[PDB]
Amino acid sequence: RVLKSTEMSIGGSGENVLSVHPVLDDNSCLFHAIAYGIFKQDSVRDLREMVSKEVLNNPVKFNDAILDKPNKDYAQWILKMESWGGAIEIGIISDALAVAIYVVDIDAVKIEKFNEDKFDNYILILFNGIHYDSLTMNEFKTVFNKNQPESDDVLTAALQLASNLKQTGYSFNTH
């Protein structure tokens, strides 16, 4: 078989395939992407609220300068379905679910890791600059473990996939 543009071979074994799992293009795609990786059953409400809660409950770490916004404002703001999640949400969600979250950054051709040295299990979400999707192996596995050999083959696959997607113009970016 010949792979689709959203797919990438993993390792030389030839059995395994990494692929984009596209999520709804609304304003909460970051949450769809994480929810798919971890719960495989869409949640956005629960995810937004846990971020907002953690923010309220620790104004010292998440102080106004860190947040670029008054602690109380951001807690309210991130509860709105039109508010775009980003690094701050990822960090909190990662902590709270004891799973690392790796952003496969298409425009940068880099992988930005969150909590990779606290948690050995991780998911991959695919960031095209304005949108998030999820990444699966063989369309059934979404949680990987950085201590297994498969893991490097997977990360290598993610990078090539990112590279292919950037080349074919699915990148966009904003800064």
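Heads up: residue numbers just count along the shown sequence, starting at 1.
Per-stretch averaging of Cα B factors for 100-108 and 78-86 places 78-86 on top. For the two regions 38-46 and 132-140, the entry's Cα B-factors average higher over 38-46. In the PDB entry, the Cα temperature factor peaks, among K61, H32, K113, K146, at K61.
The PDB entry assigns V51 a C-alpha temperature factor belonging to the middle third of its chain's modelled residues.
The deposited CA B-factor of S151 belongs to the middle third of values across its chain. For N16, the recorded CA temperature factor ranks within the middle third of the chain's modelled residues.
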